[PDB]
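This report refers to the structure that appears directly beneath it.
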Amino acid sequence: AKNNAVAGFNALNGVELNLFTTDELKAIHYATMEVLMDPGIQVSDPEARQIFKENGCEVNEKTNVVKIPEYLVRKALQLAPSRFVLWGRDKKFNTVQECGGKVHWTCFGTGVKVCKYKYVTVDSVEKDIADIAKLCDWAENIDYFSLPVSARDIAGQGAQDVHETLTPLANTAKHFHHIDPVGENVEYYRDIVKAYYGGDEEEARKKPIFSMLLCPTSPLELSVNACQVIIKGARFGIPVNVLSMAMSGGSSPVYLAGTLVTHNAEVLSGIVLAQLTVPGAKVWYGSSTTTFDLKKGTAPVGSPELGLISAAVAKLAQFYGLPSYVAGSXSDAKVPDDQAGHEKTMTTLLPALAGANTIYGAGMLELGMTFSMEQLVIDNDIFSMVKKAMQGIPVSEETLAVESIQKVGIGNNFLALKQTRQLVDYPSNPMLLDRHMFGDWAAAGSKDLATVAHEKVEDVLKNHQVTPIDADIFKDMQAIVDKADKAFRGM
Amino acid sequence: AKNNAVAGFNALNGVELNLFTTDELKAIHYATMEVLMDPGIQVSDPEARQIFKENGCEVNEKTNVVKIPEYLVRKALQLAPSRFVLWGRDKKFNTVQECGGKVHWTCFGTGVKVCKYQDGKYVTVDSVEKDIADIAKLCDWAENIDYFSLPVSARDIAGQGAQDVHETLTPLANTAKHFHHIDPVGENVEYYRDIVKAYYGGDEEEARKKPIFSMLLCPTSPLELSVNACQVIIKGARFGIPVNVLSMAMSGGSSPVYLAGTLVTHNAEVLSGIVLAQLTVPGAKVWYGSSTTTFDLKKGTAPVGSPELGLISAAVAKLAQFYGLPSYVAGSXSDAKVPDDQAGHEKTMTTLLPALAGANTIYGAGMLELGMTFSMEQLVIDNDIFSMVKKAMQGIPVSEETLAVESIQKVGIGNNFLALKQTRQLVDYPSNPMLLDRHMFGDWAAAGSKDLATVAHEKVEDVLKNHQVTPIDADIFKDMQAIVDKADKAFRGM
Amino acid sequence: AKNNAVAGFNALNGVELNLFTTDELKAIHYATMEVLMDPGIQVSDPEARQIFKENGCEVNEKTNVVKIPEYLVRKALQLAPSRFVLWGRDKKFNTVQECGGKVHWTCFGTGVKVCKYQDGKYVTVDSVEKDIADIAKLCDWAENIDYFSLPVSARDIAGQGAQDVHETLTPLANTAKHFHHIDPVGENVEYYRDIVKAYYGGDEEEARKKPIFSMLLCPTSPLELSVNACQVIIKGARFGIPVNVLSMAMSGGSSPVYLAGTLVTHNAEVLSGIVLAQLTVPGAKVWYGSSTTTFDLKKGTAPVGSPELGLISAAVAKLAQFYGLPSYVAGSXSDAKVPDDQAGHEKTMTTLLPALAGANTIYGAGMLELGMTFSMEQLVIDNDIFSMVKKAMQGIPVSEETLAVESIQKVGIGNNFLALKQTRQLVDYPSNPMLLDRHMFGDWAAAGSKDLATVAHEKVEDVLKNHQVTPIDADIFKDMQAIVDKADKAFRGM
Amino acid sequence: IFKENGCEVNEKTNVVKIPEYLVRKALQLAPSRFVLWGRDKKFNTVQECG
Amino acid sequence: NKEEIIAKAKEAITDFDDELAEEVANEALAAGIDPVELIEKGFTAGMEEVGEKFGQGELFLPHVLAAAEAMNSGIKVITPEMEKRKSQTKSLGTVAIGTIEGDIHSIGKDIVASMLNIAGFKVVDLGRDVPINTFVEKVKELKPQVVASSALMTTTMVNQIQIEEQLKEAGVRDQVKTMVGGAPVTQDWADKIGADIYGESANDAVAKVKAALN
Amino acid sequence: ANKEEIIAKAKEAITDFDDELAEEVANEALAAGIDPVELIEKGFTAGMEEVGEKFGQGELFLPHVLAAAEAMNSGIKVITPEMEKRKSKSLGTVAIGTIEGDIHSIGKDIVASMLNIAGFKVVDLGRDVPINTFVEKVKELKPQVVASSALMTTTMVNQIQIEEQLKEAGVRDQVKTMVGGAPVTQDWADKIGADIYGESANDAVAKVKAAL
């Protein structure tokens, strides 16, 4: 009979992408350890400086410089968990974040403008965050939501950030990653999440539906805000994404290696401060770091360099045992054309094949100044093709399918096959990408991805139902937002 | 002092992409050897069938099916050279094709239509011998387009003369780069030989040593070599013309839905072609080629910009490496009917995978509409995409110099690197796209708020207008032109 | 065009030397943890015993034996820094010591005699403080001698003052390079701290940040730390002075005849020293060191130029790497009584192994007579040997540029490469020894038919005569000189 | 001998171009080891790949 | 000598060497040479040779800043002997610049500052997160032709209004022309706020600064 | 440019070991109608002698010496036909090559180049040069010295036949012979009665000049 007993067999599941050897990784680690001693890190916050000092770091109070010794990085790393779960209001939208190659996508943040399709851009406002939340809630490849655009309208009339917390949780049931919080206001966010869970701080902590990001000030220093977000984040049990954003040639070495050393030091120092404030604190080793264009005086975020650094940060995080959050599916394009698609793919495929736990950028345009609702669903469509590609080429006796080749024989086709029938949904099947021959396409409007995309935006935003928060609970959260504006006006 | 003595260090230069383990490549190989014996391969050409039979293959004359034993696959592989040089009319355009990860790009072939500019917008008009001339000029200019591949059909020569022979001189006359004939004709291979012989002043030994012409052929999937395919292979090997044995199967269509099974099919087809080549003339220059993709069961079309095409091309590159042969695969291809967001995505998806995989030649540049059309706008855009891809392929170099600790310490906290000697000396290292726009809204809007396609188009116009291609000696050209005429006469005498 | 896009490529930069597999390193580790519990380690210093006891170790006060549990070995290893910088009086002489394969060399210490030619007859005279001064000058000049190590004893200060304190200022005054005290005294570590504090204008924070002084200590083999050893470690960690925990066991003598067993012994001894350091002050700068060799059972001597010493030093470097610590091992050592054929052999044997292995500091340069003598002639010879060794360590770089196919084709059959641009630009790349003679007989005989030793000697004479060392500020020097005087007074008050 | 086996040989320059399949063939033919005998069997020395 | 001190001051800048820039500024002090002569006949000479190549596309941002860093390494060497003591002024407009308070983004502001410095203007960098009050205090203390702020956020861009106000109620708003720039900053904002100039970029800012006073 | 600038660009072509630059200047020279003899003498030779200095001061070595001689050859190959269609200075001509049965040559090539850079017009006969060819060259070029290079004690012997066949043709009495090589010594020279012994290239040069 046929074999049903094979011996030891080695297989590769998916597609593995390598940028480093162990020697090289260590080469970068040692370099970060030298830098953490010199020049060291400048921690502006005095509360943060004391935690460091209490734990061994030699702190210079005149200059605010902190020299984190290597054993604190180790101790910090031994403490940071290797995984944690972001929560949405709907468990189905829950999302794991763990050290490894488990990839997930989230949208870009934060734009100041919003593309509306001719194609025009109009400064964003809180209402925009509401729609994108509706659109992102529908986008299957968009695991969780990240503050997409700043509500400039609530700016100066109240706690812009607290508003930027309620509307997202409101118009979306997926985890919410706050791209731009105010340390002084973390208490509010906690209270908002707490208000959601009916005042059960235990529930809020156990099922975090709200996380937050902060950026080291490239190069080599944590601002009072960054510190407060970390410190508070750790005391309140709010997952924190310590995501630096250096720029090759600008805030860091022109070389990518050197730019990882600077990026690494910043991030670790943040992660060290989180683990010291509260061991077992949930953190992300993240990055949006890229290369500064010396010939264009701009910060291209769709270059192959961002793609590499993102993929490189993903490998670093794995090296250290932490989840990664990196830039992906990004573009410098001002309109949804060839260039957007290319850059969006270049900057997403690398960190995806590399293993980034979260890849944010979807929806972006114009180097992060604008948020295109079209590019967002296009991006979400591009991620399907990525996931396909990520399945690599499974090799088993079933997939080698010798008997099928033999059954069909020479000069026939596999269409009438049972195997072909049953696997109909396996091959890639793009929702937006057009695969029709010129005739049928042309008989549909001779439409390009952009318009086909905009037609979708309009349909989603019009027919998609988001799960609403119960009225009782909502009022309680709205209250807090109101209490926040109260104070803002008061001061 | 500063260290300058390090013990053994393990490094990874560039970016490595993996799809298989040795065990898996072996699995595909065994599955193929199996298929080569059952159902075997149908060889339509009697002369090829004889060459197979003379070397040990079982040949059924009634069905024309050939069963190739593994020892011949092994023998053929020991005979095929791991590398060969494709010469251009200009030595600087010489391109090496060798087992490994040295990647090169060539445009696609062959479209039957060409995107143009009429009363506005880009439209499509059936291709003519002149289009080949324009595209050849453009490609001669594109630096990331290592060599030229028959881009479109000289439809206007169909029925009036030897189309494929016109499709040979025209390219050679309009590009100093190597020419790869995407659609050769078995019967007329002598003409190509003669045209190349003429170019070299009738010195056939020179023509063989500096091949400026190579050709492709496709096994008829599933599992069969047509007469034309056998003749191109046989003649190719005997005339010293590099041959690209390129399978073109389709998952769900002419091969299994499963990519691996599709590779087994593809593998048998290509190996039989390669075996034939080596048995005809040991050491014949050949490519392990592929354009195999997946058949869209839900659209009844052959999408060539899908992630499967990228995966299959990447896999074929790995297989070529495994067998020790140079690879030629599809890449930078799109199903988009117009140079939009989709083209950009698909082009990058289908190019990045095979490139990171190490495909020695990736053809597809300039393509649109699933291979039906050729877009010059898209061609220059792809050329720019390849620069970006080449940058990505440099990976992240890790050395004491690149780690740049002294620079970081020199600059210190809160300052920048703009004025360092280091930064200036490397100003040309970072990616510097020629067409992709990196300006802020203001500067961009001031330049006219142009999308990539119009920018590409203006570039095409500029190139076609001002680019100079090393012309062929007028006398030599007459000789070459003669062969074409001779071929045309014969055609009319039919 | 020419390729300039390659897929992932695996490279080996330099020369990699292997002695173990992970399983084997684990074997040695387990064997050591075993030994650390039985028979354990005898800690003579009561203060150290207390520090061990306070952290969880079982301490028998009657036998003074300490049993160190593995969790403390693990804890200590997590605390010890993987790297630290040894500062020189001159920043350019700064040397990094870090886990890895970055190799550096330092002279040996400490001889009691010094070679000096006298009327044709070879001659050794007991060492004096002045010899340290001369040798320090020579070493300041030797480019492959990263830092200075107490070469010989200031015998003439014995019984008249604080020898070890004189052995501190003299070196610091005669070399702008970092100083490693090979024979410190636990009781006087404060003096060293003060001398370095003086140098930095009384700024102790500066002294800690830019350590120009470090010291060594030896566990008493087998398995015991003397009071002096414990004090050097404890005081060192508390004063921020890098400490080199260097075992000195002997196969067949104080440890097993088998090299592996000798490593277990050596490993327990050093780890206990390192554990002490970290428990005293977490993050204390330490070296995993070794000079362990094999006892010649048939000669009743401690040969230090044997292949075993090279192997053990190479192994210790691998172990240090395994534990994540910087390594300091013996190398470029000889048993030869005079700079002859034997010195050359042994010096190269005992240096090549640990270098190819990645020892972060290799000490031995200048040594002769199994460590009893110091030869300046031999020291410059070793310095030249290190240039050759550094060249060997570059391995064989393999890239398109180094493979140089275009050059080979350009030169063609039967011609040479002397006039290529390539060759000229790299004229300084090939090894270019300073003393090793590469001339043909004629030129050599004309220069005087000199063997390497006389040539080396003339070089020594020339260096001692014309080399300038960055002097210490005269005022700062007075302060430093004061501490030495203070230490001398105290000595007489005993 | 080179010409008889498939190499391109230019009789004017005397240059031979050896194709890789011959390098491969030659390597498959060469023995991985052989013994060098001495006049005294105890001095026999094996030379083998390794 | 003087001709040689000006030959060096120029070489110092076109060569991007801070040391020599200090050396020349030294041999310059040791000659009684008027520092203003060195800052113009000497350093700005080379300053302008770079911008020249910068305009042809031969050199890029890196060179501008690297040259500006040299001009400062020299001017530093003589800031004591210069204006501090003699109290003499240079020439060709005077622009005070800095990143608005609440904002730490500085790369851009530094590029604008250099492109001006290399254009021929005298730049006074106020740093970043510069408190609104300092802008005002520096305006009436230095009395510059142009006062420039940089804001890269929508929340720090708003503080530019305060620069307009506190400057008006300081009786100096009419004594100087203000400029605003930054990713989120636009011409509309410049108008709505009342700012004299809007810098689209570093080149646009330089072009407008001269077109506004030159 | 004006002759002045062309002569300089010709010296720089040499000091930079740049054949393409030597050829371009040669063309600027021929175009300007400038005399080739002034381009060689005041141009290349100027830059050729400069290298010789830097070589004699350990600042440059063999790679440079041979490159310079080659950059100069490139530019002179260009202006050669010209010099021919008008007729035309060396310290004297030197004919050299390795003797029959000896394919060693790296050194012979170095001694040869160490001379071209000194001034002498070197005539390289190649390698494995049969004795006859050595003789049948003394009678044609009548160079000041016929040099041979043997690196084998087996081919060193042939150095005799060069003597016993140049006297056999009454030409020995004209050209001063010279032998050099790893196995060749001053004695071997005195024995076969040769004119000069070549220790090393530098030596050979210094000694060939000894016969001023």
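Residue numbers (the authors' numbering), protein chains in the order written: chain A, 2 to 118, 122 to 495; chain F, 2 to 495; chain E, 2 to 495; chain B, 52 to 101; chain M, 3 to 216; chain N, 2 to 89, 92 to 215.
Every residue gets a Cβ at the ideal spot worked out from N, C-alpha and C, and that includes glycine.
When rounded, the separation of the alpha-carbon atoms in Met373/E and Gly332/E is 15 angstroms.
Per DSSP, the continuous beta strand (DSSP E) segment holding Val97/E begins and ends at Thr96 to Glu99. The alpha helix (DSSP H) runs of length 4 or more contained entirely in the region 27-72 of chain E are, from start to end of the chain, 47-55. At least one C-beta of chain F is nearer than 8 angstroms to the C-beta of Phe10/E. Below the 7 angstroms Cβ cutoff, chain A contributes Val113 as neighbours of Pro186/M, in chain order.
With a cutoff of 8 angstroms on beta-carbon distance, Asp141/F and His468/F are scored as near each other. Under the three-state reduction of DSSP output, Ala2/A falls in the coil class, being neither helix nor strand. Taking 3 residues as the shortest admissible run, the region 90-178 of chain E contains the following complete beta strand (DSSP E) segments, listed from N- to C-terminal end: 96-99, 106-108, 114-116 and 125-127. Scanning chain E for C-beta atoms nearer than 7 angstroms to the C-beta of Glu71/A yields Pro82 and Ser83, reported in chain order. For the region 229-283 of chain A, the continuous alpha helix (DSSP H) assignments of 4+ residues that do not extend past its boundaries occur at 260-281, in sequence order. Membership of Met350/A in the alpha helix (DSSP H) is indicated by the continuous run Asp342 to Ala358. Rounded to the nearest whole angstrom, the C-alpha separation of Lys178/E and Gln482/E is 18 angstroms. Annotation for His65/N: the continuous alpha helix (DSSP H) segment containing it runs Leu63 to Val79.
Residue pairing for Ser376/A: DSSP places it in a beta bridge opposite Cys116/A. Note that the C-beta distance between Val317/A and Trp288/A is not below 8 angstroms.
DSSP assignment within the region 432-466 of chain F yields the following whole alpha helix (DSSP H) runs of 4 residues or more, N-terminal first: 442-447.
Contact check for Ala163/F and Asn189/F: beta-carbon distance about 6 angstroms, within the 8 angstroms limit, so the pair qualifies.
Distance from the CA of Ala49/A to the CA of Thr266/A, rounded to the nearest whole angstrom, comes to 20 angstroms. Proximity of the region 174-183 of chain N to the region 118-136 of chain N falls short of the contact definition, fewer than three beta-carbon pairs being nearer than 8 angstroms. The DSSP-derived three-state label of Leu310/E is helix. Put simply, the CB of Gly284/F is near chain B, with a gap under 8 angstroms to one of its CB atoms. Among the residues facing chain F, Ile109/M is included, as its CB has a counterpart in that chain under 8 angstroms away. Annotation: Cβ neighbours of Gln43/F in chain A (cutoff 8 angstroms, chain order): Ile414 and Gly415. Secondary structure of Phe180/A (DSSP, three-state): strand. Residues of chain N whose Cβ lies closer than 8 angstroms to the Cβ of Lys422/E are, in chain order, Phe18 and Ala68. Between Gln79/F and chain B, the shortest Cβ-Cβ separation is below 8 angstroms. Excluding five sequence positions before and after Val271/F, the CB atoms of its chain that fall closer than 8 angstroms to its own CB belong to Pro220, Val246, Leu247, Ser248, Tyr289, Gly290 and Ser291, given in chain order.
Going by beta carbons, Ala2/N and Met117/N fall outside the 8 angstroms limit.
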